[PDB]
Amino acid sequence: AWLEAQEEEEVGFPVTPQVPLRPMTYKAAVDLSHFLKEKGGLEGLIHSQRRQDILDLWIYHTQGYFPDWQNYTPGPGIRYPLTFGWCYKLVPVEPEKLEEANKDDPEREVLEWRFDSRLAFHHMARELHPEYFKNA
């Protein structure tokens, strides 16, 4: 679909600018998670590095929601979603090929978006570092 960029990508020409900034509901994240899923399937898509901006940006020229919800725990390697409802967890399933030798492009470990709508009720990121969210 839109992720299957054969060669010369073509985002057609849909005119969708800053649309009425509605309130990003936690439910909005889960609904959005499944919306992007049926819109082709972002799951298993290896997040290179710029694809991240396309996501937040795409949401801009579409729902106009600001990326004040898209976030993740610091530190490299795995990366759990800080916000709740967002059932997306980045994880490097690639083999640690830290073979230092080729002086070409940086062959670092890339990450892939692991879709898991079960996060709609479970709470793993909370057991990791919840001290960031000060609710009560």
# chains A, B, ... in the order shown; residues from 1 in each chain; ligands from 1
call {"tool": "residues_around", "arguments": {"residues": "region 19-33 of chain A", "least_positions_apart": "5", "cutoff": "10 Å", "atoms": "only C-alpha atoms", "output": "short mmCIF file (atom, residue, chain, number, x, y, z; two decimals) with C-alpha atoms, in the first residue's frame"}}
result
data_model
loop_
_atom_site.label_atom_id
_atom_site.label_comp_id
_atom_site.auth_asym_id
_atom_site.auth_seq_id
_atom_site.Cartn_x
_atom_site.Cartn_y
_atom_site.Cartn_z
CA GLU A 38 -6.04 -1.72 8.01
CA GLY A 41 -0.17 -2.63 7.77
CA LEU A 42 2.58 -0.58 9.50
CA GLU A 43 3.40 -3.66 11.62
CA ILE A 59 -0.78 12.55 10.93
CA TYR A 60 -0.31 16.32 10.51
CA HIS A 61 -1.53 16.84 6.90
CA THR A 62 -4.36 14.38 7.81
CA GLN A 63 -5.86 14.42 11.33
CA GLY A 64 -3.77 17.48 12.27
CA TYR A 65 -3.04 15.91 15.68
CA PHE A 66 0.21 17.33 17.08
CA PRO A 67 2.82 14.65 18.05
CA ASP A 68 2.51 15.46 21.78
CA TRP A 69 1.49 11.79 22.25
CA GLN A 70 4.14 9.93 20.26
CA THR A 83 1.94 6.93 26.23
CA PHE A 84 -0.82 4.35 26.87
CA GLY A 85 -3.27 3.09 24.21
CA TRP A 86 -0.51 3.18 21.58
CA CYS A 87 -0.14 -0.57 21.01
CA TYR A 88 3.15 -0.10 19.10
CA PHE A 115 1.86 -4.04 16.50
CA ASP A 116 0.19 -5.54 19.61
CA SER A 117 -3.36 -4.15 20.14
CA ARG A 118 -3.36 -6.16 23.41
CA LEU A 119 -1.72 -3.09 24.99
CA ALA A 120 -5.32 -1.79 24.97
#
call {"tool": "select_by_dssp", "arguments": {"residues": "region 33-130 of chain A", "states": "helix (DSSP H, G or I)", "output": "number ranges by chain"}}
result
A: 33-38, 51-63, 117-120, 124-128, 130
call {"tool": "write_last_selection", "arguments": {"atoms": "N, CA and C atoms", "output": "PDB file, in the first residue's frame"}}
result
ATOM      1  N   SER A  33      -4.245   3.271  16.033  1.00  0.00           N
ATOM      2  CA  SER A  33      -3.366   2.084  15.856  1.00  0.00           C
ATOM      3  C   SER A  33      -4.014   1.105  14.874  1.00  0.00           C
ATOM      4  N   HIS A  34      -5.271   0.810  15.054  1.00  0.00           N
ATOM      5  CA  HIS A  34      -5.949  -0.140  14.128  1.00  0.00           C
ATOM      6  C   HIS A  34      -6.210   0.543  12.787  1.00  0.00           C
ATOM      7  N   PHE A  35      -6.482   1.820  12.791  1.00  0.00           N
ATOM      8  CA  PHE A  35      -6.737   2.513  11.502  1.00  0.00           C
ATOM      9  C   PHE A  35      -5.509   2.350  10.607  1.00  0.00           C
ATOM     10  N   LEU A  36      -4.359   2.715  11.100  1.00  0.00           N
ATOM     11  CA  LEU A  36      -3.120   2.575  10.288  1.00  0.00           C
ATOM     12  C   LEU A  36      -2.903   1.102   9.928  1.00  0.00           C
ATOM     13  N   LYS A  37      -3.341   0.197  10.766  1.00  0.00           N
ATOM     14  CA  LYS A  37      -3.146  -1.250  10.465  1.00  0.00           C
ATOM     15  C   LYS A  37      -3.936  -1.636   9.211  1.00  0.00           C
ATOM     16  N   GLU A  38      -5.210  -1.360   9.192  1.00  0.00           N
ATOM     17  CA  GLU A  38      -6.041  -1.723   8.006  1.00  0.00           C
ATOM     18  C   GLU A  38      -5.643  -0.868   6.798  1.00  0.00           C
ATOM     19  N   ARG A  51      11.554   7.379   8.533  1.00  0.00           N
ATOM     20  CA  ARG A  51      10.143   6.904   8.481  1.00  0.00           C
ATOM     21  C   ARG A  51       9.396   7.402   9.725  1.00  0.00           C
ATOM     22  N   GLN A  52      10.100   7.660  10.791  1.00  0.00           N
ATOM     23  CA  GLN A  52       9.422   8.148  12.024  1.00  0.00           C
ATOM     24  C   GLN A  52       8.770   9.503  11.733  1.00  0.00           C
ATOM     25  N   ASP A  53       9.510  10.412  11.160  1.00  0.00           N
ATOM     26  CA  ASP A  53       8.938  11.751  10.847  1.00  0.00           C
ATOM     27  C   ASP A  53       7.728  11.589   9.922  1.00  0.00           C
ATOM     28  N   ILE A  54       7.850  10.792   8.894  1.00  0.00           N
ATOM     29  CA  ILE A  54       6.702  10.601   7.962  1.00  0.00           C
ATOM     30  C   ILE A  54       5.449  10.248   8.767  1.00  0.00           C
ATOM     31  N   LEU A  55       5.579   9.401   9.751  1.00  0.00           N
ATOM     32  CA  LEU A  55       4.391   9.023  10.567  1.00  0.00           C
ATOM     33  C   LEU A  55       3.827  10.275  11.246  1.00  0.00           C
ATOM     34  N   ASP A  56       4.578  10.869  12.132  1.00  0.00           N
ATOM     35  CA  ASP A  56       4.088  12.094  12.829  1.00  0.00           C
ATOM     36  C   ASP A  56       3.650  13.133  11.793  1.00  0.00           C
ATOM     37  N   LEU A  57       4.442  13.339  10.776  1.00  0.00           N
ATOM     38  CA  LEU A  57       4.076  14.343   9.737  1.00  0.00           C
ATOM     39  C   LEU A  57       2.795  13.901   9.027  1.00  0.00           C
ATOM     40  N   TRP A  58       2.738  12.675   8.587  1.00  0.00           N
ATOM     41  CA  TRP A  58       1.509  12.197   7.893  1.00  0.00           C
ATOM     42  C   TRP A  58       0.292  12.520   8.760  1.00  0.00           C
ATOM     43  N   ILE A  59       0.370  12.244  10.032  1.00  0.00           N
ATOM     44  CA  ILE A  59      -0.777  12.550  10.929  1.00  0.00           C
ATOM     45  C   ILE A  59      -1.089  14.047  10.842  1.00  0.00           C
ATOM     46  N   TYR A  60      -0.091  14.852  10.591  1.00  0.00           N
ATOM     47  CA  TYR A  60      -0.311  16.324  10.506  1.00  0.00           C
ATOM     48  C   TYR A  60      -1.214  16.669   9.309  1.00  0.00           C
ATOM     49  N   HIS A  61      -0.721  16.500   8.110  1.00  0.00           N
ATOM     50  CA  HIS A  61      -1.532  16.841   6.899  1.00  0.00           C
ATOM     51  C   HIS A  61      -2.792  15.968   6.814  1.00  0.00           C
ATOM     52  N   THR A  62      -3.131  15.244   7.856  1.00  0.00           N
ATOM     53  CA  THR A  62      -4.360  14.378   7.812  1.00  0.00           C
ATOM     54  C   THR A  62      -5.272  14.708   8.996  1.00  0.00           C
ATOM     55  N   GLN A  63      -5.000  14.146  10.145  1.00  0.00           N
ATOM     56  CA  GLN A  63      -5.860  14.422  11.333  1.00  0.00           C
ATOM     57  C   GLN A  63      -5.425  15.733  11.992  1.00  0.00           C
ATOM     58  N   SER A 117      -2.117  -4.783  19.577  1.00  0.00           N
ATOM     59  CA  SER A 117      -3.355  -4.147  20.139  1.00  0.00           C
ATOM     60  C   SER A 117      -3.670  -4.647  21.557  1.00  0.00           C
ATOM     61  N   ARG A 118      -3.024  -5.676  22.034  1.00  0.00           N
ATOM     62  CA  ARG A 118      -3.356  -6.156  23.408  1.00  0.00           C
ATOM     63  C   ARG A 118      -2.987  -5.074  24.427  1.00  0.00           C
ATOM     64  N   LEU A 119      -2.117  -4.177  24.058  1.00  0.00           N
ATOM     65  CA  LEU A 119      -1.725  -3.085  24.990  1.00  0.00           C
ATOM     66  C   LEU A 119      -2.965  -2.236  25.293  1.00  0.00           C
ATOM     67  N   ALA A 120      -4.083  -2.581  24.716  1.00  0.00           N
ATOM     68  CA  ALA A 120      -5.319  -1.793  24.966  1.00  0.00           C
ATOM     69  C   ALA A 120      -5.839  -2.111  26.365  1.00  0.00           C
ATOM     70  N   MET A 124       2.606  -3.105  30.181  1.00  0.00           N
ATOM     71  CA  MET A 124       4.019  -3.503  30.430  1.00  0.00           C
ATOM     72  C   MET A 124       4.879  -2.252  30.629  1.00  0.00           C
ATOM     73  N   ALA A 125       4.769  -1.297  29.744  1.00  0.00           N
ATOM     74  CA  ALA A 125       5.586  -0.053  29.873  1.00  0.00           C
ATOM     75  C   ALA A 125       5.415   0.549  31.270  1.00  0.00           C
ATOM     76  N   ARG A 126       4.324   0.264  31.925  1.00  0.00           N
ATOM     77  CA  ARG A 126       4.107   0.828  33.286  1.00  0.00           C
ATOM     78  C   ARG A 126       5.048   0.144  34.280  1.00  0.00           C
ATOM     79  N   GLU A 127       5.268  -1.132  34.118  1.00  0.00           N
ATOM     80  CA  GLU A 127       6.173  -1.861  35.052  1.00  0.00           C
ATOM     81  C   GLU A 127       7.626  -1.451  34.797  1.00  0.00           C
ATOM     82  N   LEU A 128       7.918  -0.929  33.636  1.00  0.00           N
ATOM     83  CA  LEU A 128       9.321  -0.524  33.333  1.00  0.00           C
ATOM     84  C   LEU A 128       9.655   0.792  34.039  1.00  0.00           C
ATOM     85  N   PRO A 130       7.267   3.911  35.200  1.00  0.00           N
ATOM     86  CA  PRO A 130       6.022   4.718  35.318  1.00  0.00           C
ATOM     87  C   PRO A 130       6.255   6.023  36.092  1.00  0.00           C
TER      88      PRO A 130
END
call {"tool": "residues_around", "arguments": {"residues": "residue 129 (chain A)", "least_positions_apart": "2", "cutoff": "12 Å", "atoms": "only C-alpha atoms", "output": "ChimeraX atom specification"}}
result
/A:72-74,79-83,123-127,131-134
call {"tool": "write_last_selection", "arguments": {"atoms": "N, CA and C atoms", "output": "short mmCIF file (atom, residue, chain, number, x, y, z; two decimals), in the first residue's frame"}}
result
data_model
loop_
_atom_site.label_atom_id
_atom_site.label_comp_id
_atom_site.auth_asym_id
_atom_site.auth_seq_id
_atom_site.Cartn_x
_atom_site.Cartn_y
_atom_site.Cartn_z
N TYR A 72 8.67 7.65 23.60
CA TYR A 72 9.21 6.31 23.96
C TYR A 72 10.28 6.45 25.05
N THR A 73 10.55 5.40 25.76
CA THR A 73 11.58 5.46 26.84
C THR A 73 12.95 5.77 26.21
N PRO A 74 13.82 6.45 26.93
CA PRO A 74 15.18 6.80 26.40
C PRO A 74 16.09 5.57 26.31
N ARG A 79 12.55 -0.28 22.72
CA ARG A 79 11.94 1.06 22.96
C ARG A 79 10.43 0.89 23.18
N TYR A 80 10.01 0.96 24.42
CA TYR A 80 8.55 0.80 24.73
C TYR A 80 7.85 2.16 24.57
N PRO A 81 6.57 2.16 24.25
CA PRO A 81 5.79 3.43 24.09
C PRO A 81 5.43 4.04 25.44
N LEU A 82 5.86 5.25 25.69
CA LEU A 82 5.55 5.89 27.00
C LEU A 82 4.03 6.10 27.13
N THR A 83 3.41 6.69 26.15
CA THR A 83 1.94 6.93 26.23
C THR A 83 1.18 5.59 26.25
N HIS A 123 -0.40 -3.59 30.52
CA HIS A 123 0.39 -2.38 30.86
C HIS A 123 1.83 -2.78 31.18
N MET A 124 2.61 -3.10 30.18
CA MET A 124 4.02 -3.50 30.43
C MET A 124 4.88 -2.25 30.63
N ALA A 125 4.77 -1.30 29.74
CA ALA A 125 5.59 -0.05 29.87
C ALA A 125 5.41 0.55 31.27
N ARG A 126 4.32 0.26 31.93
CA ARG A 126 4.11 0.83 33.29
C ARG A 126 5.05 0.14 34.28
N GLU A 127 5.27 -1.13 34.12
CA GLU A 127 6.17 -1.86 35.05
C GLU A 127 7.63 -1.45 34.80
N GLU A 131 7.35 6.11 36.81
CA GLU A 131 7.64 7.34 37.59
C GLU A 131 7.56 8.57 36.69
N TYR A 132 7.50 8.38 35.40
CA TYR A 132 7.43 9.55 34.48
C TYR A 132 5.99 10.10 34.46
N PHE A 133 5.01 9.24 34.55
CA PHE A 133 3.60 9.71 34.54
C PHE A 133 3.13 9.96 35.98
N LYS A 134 2.95 11.20 36.35
CA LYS A 134 2.50 11.52 37.74
C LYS A 134 0.98 11.67 37.76
#
call {"tool": "closest_residue", "arguments": {"among": "A:1, A:136, A:78, A:46", "to": "residue 112 (chain A)", "atoms": "only C-alpha atoms"}}
result
A:46
call {"tool": "residues_around", "arguments": {"residues": "residue 40 (chain A)", "least_positions_apart": "5", "cutoff": "9 Å", "atoms": "only C-alpha atoms", "output": "PyMOL selection string"}}
result
chain A and resi 1-4
call {"tool": "write_last_selection", "arguments": {"atoms": "N, CA and C atoms", "output": "compact mmCIF listing (two decimals), in the first residue's frame"}}
result
# COMPACT_ATOMS: atom_id res chain seq x y z
N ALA A 1 0.86 -1.22 0.00
CA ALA A 1 0.00 0.00 0.00
C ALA A 1 0.88 1.25 0.00
N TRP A 2 0.66 2.14 0.92
CA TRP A 2 1.48 3.39 0.97
C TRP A 2 2.90 3.05 1.44
N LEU A 3 3.07 1.96 2.14
CA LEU A 3 4.43 1.59 2.61
C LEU A 3 5.17 0.84 1.50
N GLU A 4 4.45 0.22 0.61
CA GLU A 4 5.11 -0.53 -0.50
C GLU A 4 5.62 0.45 -1.56
call {"tool": "select_by_dssp", "arguments": {"residues": "chain A", "states": "strand (DSSP E)", "output": "list in words"}}
result
residues 46, 47, 88, 89, 90, 91, 111, 112, 113, 114 and 115 of chain A
call {"tool": "atom_distance", "arguments": {"atom1": "CA of residue 97 (chain A)", "atom2": "CA of residue 47 (chain A)"}}
result
17.3 Å
call {"tool": "residues_around", "arguments": {"residues": "residue 95 (chain A)", "least_positions_apart": "4", "cutoff": "12 Å", "atoms": "only C-alpha atoms", "output": "number ranges by chain"}}
result
A: 91, 99, 107-111
call {"tool": "write_last_selection", "arguments": {"atoms": "N, CA and C atoms", "output": "compact mmCIF listing (two decimals), in the first residue's frame"}}
result
# COMPACT_ATOMS: atom_id res chain seq x y z
N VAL A 91 11.23 -2.90 18.38
CA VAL A 91 12.14 -3.96 18.90
C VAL A 91 13.06 -4.44 17.75
N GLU A 99 29.86 -6.29 13.54
CA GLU A 99 31.18 -6.64 12.93
C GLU A 99 31.88 -5.37 12.44
N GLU A 107 26.17 0.31 9.63
CA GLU A 107 25.23 -0.84 9.72
C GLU A 107 24.76 -1.01 11.17
N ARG A 108 24.07 -0.04 11.70
CA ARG A 108 23.58 -0.16 13.10
C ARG A 108 22.33 -1.04 13.14
N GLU A 109 21.90 -1.43 14.31
CA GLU A 109 20.68 -2.29 14.40
C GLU A 109 19.44 -1.43 14.16
N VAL A 110 18.65 -1.77 13.17
CA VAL A 110 17.42 -0.97 12.88
C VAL A 110 16.27 -1.51 13.73
N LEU A 111 15.21 -0.73 13.90
CA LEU A 111 14.06 -1.19 14.75
C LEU A 111 12.78 -1.35 13.90
call {"tool": "closest_residue", "arguments": {"among": "A:106, A:100, A:11, A:113", "to": "residue 44 (chain A)", "atoms": "only C-alpha atoms"}}
result
A:113
